[PDB]
Each structure stands twice: as structure tokens, then as C-alpha cells.
Amino acid sequence: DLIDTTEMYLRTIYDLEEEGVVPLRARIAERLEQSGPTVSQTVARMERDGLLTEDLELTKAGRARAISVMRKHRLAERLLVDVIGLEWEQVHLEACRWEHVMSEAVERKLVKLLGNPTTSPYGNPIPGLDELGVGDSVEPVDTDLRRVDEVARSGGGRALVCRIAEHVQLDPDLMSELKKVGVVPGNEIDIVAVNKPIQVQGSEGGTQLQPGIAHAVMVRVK
Amino acid sequence: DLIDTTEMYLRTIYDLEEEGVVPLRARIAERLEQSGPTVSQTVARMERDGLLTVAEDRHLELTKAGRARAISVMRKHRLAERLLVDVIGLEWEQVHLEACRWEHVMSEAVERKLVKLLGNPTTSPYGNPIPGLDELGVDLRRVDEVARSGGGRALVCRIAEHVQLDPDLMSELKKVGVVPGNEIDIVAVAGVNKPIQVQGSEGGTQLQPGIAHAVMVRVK
Ligand SMILES: [Co+2]
Ligand SMILES: [Co+2]
Ligand SMILES: [Co+2]
Ligand SMILES: [Co+2]
């Protein structure tokens, strides 16, 4: 189902870090729909293998493995959108499985094919291109970018859509709404002022984002 | 490691059928590098789930359910192999091992896109037919037999999945020119269980009986 439980535990910790959220067992359980028992046993198996280690934090090995999974995921997402032509809202679900079966060998081919891509189709930067040995490393979080929930709470304003985090992409219906209204990387949006739904307004229309969703969407305020 | 054990056992039995090899637990143990105890326990569980049946010969037979599931995995495998060669440009001898993992995670949604992208492909890059394209909704002889029957000039048509597991061998075959669509000269051999001498365009090579068996050709 998860295809690789360890890699999905590694990448969910890395996802929470990109979302600026503290990695906690309770959140890993909520994200991967796992029981408290299952998480505690999986975390136990991973710290033994020297992947993770206050009160969760990745090791140098676990961080590299987490990044290599994310790299495969986002290279897979580009391949699926740009070449294969799978629907924008269905691509993440596919990449969630593909990320666990891709060699570094096929990645190097995909990097050349896609022309040294830096971001996923959802605007998220592709990490570990230095460890693959075909590009520069990236910061998990760009300090220039602001979160739609922060922009809203701070009084709103017009902003450029930059990143939609992996957590948002688990809902295809939501990804369909964002595509229609025009909340997509490179498009400008109007974030209305405001635990209360954030009103976002595109060129065509708008939609209401839950705090957790709004937090995951990162924008450049004009 | 195998990604999906059940799917690999189903496709390994389907492989042995395509290769004209009697499907025994010993064959699965060799192909999937499993221990005897592991293979026996897996086959037992798969029979309970109605995927295969064990004959009195001790030989394994896929149910209509098991075949249907085996066909879907193989379809994904060969659609992945075409994508990996024709589009992505992964090396000829490295693509099978890649497809061997991809085959377990590819949706039908993607398969339908790959069918359109690759222009309705009928065979893998290794010449093996792509099965279950209908279900998705969109005189060949073995080199070992041709050799034993006096050899001759033959068009290479298919290289079985068994041969593709050895990248070094696939490199030799690529060099000498034993590849789907290229003519070869199969030299006659007297003895059974003796290596088959094949002459390609760019030189000659020595195939073991099991390898020669796995390659299918159209005699000219
Ligand atoms: Co994604
Ligand atoms: Co995944
Ligand atoms: Co193959
Ligand atoms: Co496989």
C-alpha cells in the first residue's frame, strides 16, 4: 500500500519540515493513517537502522534517504505531467508509489530528458541533485516565501503562487479546484484577511482553504 | 526487494510458460533467489487464495484469476520497458531490472497514456508480445531446437525475461547483434545439453542450452 513504509516515514518527516511543522508520532499516524502501535514499532525499526533519532529528527543517512525519495517523487511528477501526459490531479498519487522503485540510474536519464529540472509541476524544489551529481542542492524552505494562512492572518494581500506541498496533493478533488480557479505555480492570487477557512481568489474565481491546507501553500507577496 | 511477492510468483509461472519450461518450485527459487521453505509457504498460500493449482506432476498451473493478474503485471512490465528504451533512453541491458520494480506500482490510467505516447506498441523492446491490451481497453522456433534440427539462418524475434536478468549477457548479445529484428546464423550442434554457437552481424557468441532455449527466432 505505502510500497515502502520506512521511506514513507522518512519522507513524511521531510514533508512536515518543508511545511514548517514539528515532526511528532501523532502527526505521522494522521498523515499515513497508521495506528499508534504501528508508528512506535516503525520508528523503533528506523532508529536501529540509523535513519532517525528534545521531547523526531532525521540522521545524516535518513536525511539523504528522505531527500533521494523526494527527488525520485518530483522527477517522476515532471515525467508524468511533461512527457506521459497524466492528469495534474492524479500525478502525485502515481509518484507516491513510483518514488520507491526508481534507481539513481533512471533519475540521471530523467534529469537529461526533462532538461535539468529544479522544481516539481507543483512548484516544490527537487532536492539531492548534488548527491545524484547533476545539479545544485536546495534549502527545504525558501525564507522569501510566505504561507497563505500567515499572509491571511497578517491582513491578506495579493501574492504569486510558488509551492503546493505534498500534503495538499493527497486530495485530487482539491487539486482540481485549485487548477480551475487558477491557484497554480506562477499564477497571481488575492488572499483575503481573517482555525478559520482562508478565502483565496484567482483570475477565474476562488475557493476556501482549511488552515492546514493554506499553511502548506507557499506564495511570494507582491 | 521483489516489491510485490504474489505478483512476482504469478509472473514467474507465466514467464516459465512463455519460455516452454515446466513450472516447478525449484524454477521459482532459481528465478526469484528465494529459499525452498519460502517458495513452498508462498505457493501454499496462493493456492488457498485461488491463484494457482498444484498438479500430481508437482507442476504449478495458474487459475483464470492468477493468469488475469499475471497478464496485468506483464503488460505494465513491457509498457514500462518500451517507455524506458524508446523515451527515457535507459541502457538496453539495464531496462528489465528497472521494469521489474515499476511493473508493481503502475496504474491502468498511466498504461493507457503510455499506449498513446508509444503509438499502440504490440511488443516489448526485447520482442515479447504485450498481453491484456484488450482488458486495458484500447511459426516461431527456439535457437536450441533450430540448432539440434541442423541450424540455419533465422531472424531474432524474442528474448525471454530469463535472459534479461543477466545484463552482462544482454551486453554480449547487443555487441554481436543477437537483438530482435536482426538475422543470425545458428550453427548445428550434435549433443543435447551442449552450448549453441550463434553468429551475429558483428561477431559470434556461445549460448548455454538454457539461454538458447529462452531465445525464439523465425527461420528463413
Ligand atoms: Co507530490
Ligand atoms: Co510513497
Ligand atoms: Co523484461
Ligand atoms: Co517485478
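In what follows, chains carry the letters A, B, and so on, assigned in the order in which the sequence lines appear, proteins first and then strands, with residues in each chain numbered from 1.
Judged purely by atom type and a 3.5 angstrom limit, B:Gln164 uses its side chain to pair as donor or acceptor with the backbone of B:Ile159. Between the side chain of A:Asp136 and the main chain of A:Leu129, no donor-acceptor pair closer than 3.5 Å is present. Side chain of B:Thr63 to main chain of B:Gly50: a donor-acceptor pair is present (N/O by atom type, distance under 3.5 Å, no hydrogens or angles). A distance-only check finds no donor-acceptor pair linking the side chain of B:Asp139 to the backbone of B:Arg218 [under 3.5 Å]. For the pair A:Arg78 (side chain) and A:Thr119 (backbone), a donor-acceptor distance under 3.5 Å is present. For the pair B:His77 (side chain) and B:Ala99 (backbone), a donor-acceptor distance under 3.5 Å is present.
By the 4.5 Å heavy-atom criterion applied to side chains, B:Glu81 and B:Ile130 are not counted as neighbours. B:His213 is not listed as a side-chain neighbour of B:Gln208, based on a closest heavy-atom distance of 4.5 Å or more. Looking at heavy atoms from C-beta onward, A:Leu110 lies in side-chain contact with B:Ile88 at the 4.5 angstrom threshold. In this structure the side chain of A:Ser103 never reaches within 4.5 angstrom of the side chain of B:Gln94, judged on heavy atoms. Using a 4.5 Å cut-off on side-chain heavy atoms (C-beta onward), A:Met175 and A:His92 make no contact. By the 4.5 Å heavy-atom criterion applied to side chains, A:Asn116 and A:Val111 are counted as neighbours. B:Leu173 places a side-chain heavy atom less than 4.5 Å from the side chain of B:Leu207. Annotation: side chain of B:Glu7 is not in contact with side chain of B:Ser72 (no heavy-atom distance under 4.5 Å).
Shortest non-hydrogen contact noted between B:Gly204 and B:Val176 is O-CG1, 3.6 Å. For the pair B:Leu60 and B:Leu24, the tightest heavy-atom approach, listed with the atom from each and the gap, is CD1-C, 4.2 Å. Pairing each heavy atom of A:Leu10 with each of A:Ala66, the nearest pair is O-CB, 3.7 Å. Considering all non-hydrogen atoms of both residues, A:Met102 and B:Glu98 come closest at CA-OE2, 3.6 Å. Across all non-hydrogen atoms, the minimal contact from B:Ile186 to B:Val143 is CG2-O, 3.7 Å. Across all non-hydrogen atoms, the minimal contact from A:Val106 to B:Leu84 is CG2-CD2, 3.7 Å.
Between B:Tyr126 and B:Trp92, the ring planes lie tilted relative to each other; the angle falls in the 30° to 60° range. Under the 30°/60° scheme for interplanar angles, the aromatic rings of B:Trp102 and A:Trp98 are found to be tilted.
B:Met74 contributes atom CE, which lies 8.5 Å from atom OG of B:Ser124 (distance to the nearest 0.5 angstrom). Rounding to the nearest 0.5 angstrom, the gap separating the CD atom in B:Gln34 from the CZ atom in B:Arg25 is 14.0 Å. Separation of atoms CD (A:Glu17) and OG1 (A:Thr12) is listed at 11.5 Å; rounding is to 0.5 Å. To the nearest 0.5 Å, the span separating CD1 on A:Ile28 from CG on A:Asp15 amounts to 8.5 Å. A distance of 9.5 Å separates OG1 in B:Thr5 from CE in B:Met46, rounded to the nearest 0.5 Å. Atom CG of A:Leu79 is separated from atom CD of A:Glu107 by 11.5 Å, given to the nearest 0.5 angstrom.
Judged as a side-chain hydrogen bond (donor to acceptor under 3.5 Å, both in side chains), and not counting sequence neighbours, A:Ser137 has no contacts.
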Please determine whether side chain to side chain contact (heavy atoms under 4.5 Å, CB included) holds for the pair A:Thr53 and A:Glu47, giving the CA-CA distance in whole Å, both sets of side-chain angles, and the decisive distance to 0.1 Å. CA-CA 6 Å; A:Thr53 59; A:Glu47 70 188 35; over 6 Å; no

Can you check side chain to side chain contact (heavy atoms under 4.5 Å, CB included) on B:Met216 and B:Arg141, steps first, answer last? CA-CA 5 Å; B:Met216 302 197 76; B:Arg141 291 167 65 181; over 6 Å; no

A:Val161/A:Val183 under side chain to side chain contact (heavy atoms under 4.5 Å, CB included): CA gap, chis, key distance, verdict: CA-CA 7 Å; A:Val161 175; A:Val183 180; 4.0 Å; yes

Candidate pair A:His100 and B:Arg101, rule side chain to side chain contact (heavy atoms under 4.5 Å, CB included), full reasoning: CA-CA 9 Å; A:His100 304 296; B:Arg101 296 190 306 278; over 6 Å; no

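In the displayed structure, B:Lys220 atom NZ is contacted under 6.0 Å by more than 12 heavy atoms of other residues, nucleotides or ligands. Within 6.0 Å of atom CD in A:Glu131, more than 12 heavy atoms from other residues, nucleotides or ligands are found, so the atom counts as buried in its surroundings.
Ion pairing between A:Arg74 and A:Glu166 holds under the 4.0 Å rule for side-chain N and carboxylate O. A salt bridge links B:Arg31 with B:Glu19: at least one charged nitrogen is closer than 4.0 Å to a carboxylate oxygen. With respect to A:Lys179 and A:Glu89, no salt bridge is recorded, no charged nitrogen being found less than 4.0 Å from a carboxylate O. Taking 4.0 Å as the cut-off between side-chain N and carboxylate O, A:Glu18 and A:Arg163 do not count as a salt-bridged pair. B:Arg45 has a carboxylate O that lies under 4.0 Å from a charged side-chain N of B:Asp49, or vice versa, which qualifies the two as a salt bridge. The pair B:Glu202-B:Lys175 does not meet the salt-bridge criterion, since no charged nitrogen lies less than 4.0 angstrom from a carboxylate oxygen. Between B:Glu108 and B:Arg75, at least one side-chain nitrogen of the basic residue sits less than 4.0 Å from a carboxylate oxygen of the acidic one, meeting the salt-bridge criterion. Between A:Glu87 and B:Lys113, at least one side-chain N (NZ, or NE/NH1/NH2) sits under 4.0 Å from a carboxylate O, which counts as a salt bridge. Remark: B:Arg27 engages B:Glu30 in a salt bridge, criterion side-chain N to carboxylate O under 4.0 Å.
In this structure, a donor-acceptor pair under 3.5 Å is absent between the side chains of B:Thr6 and B:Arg69.
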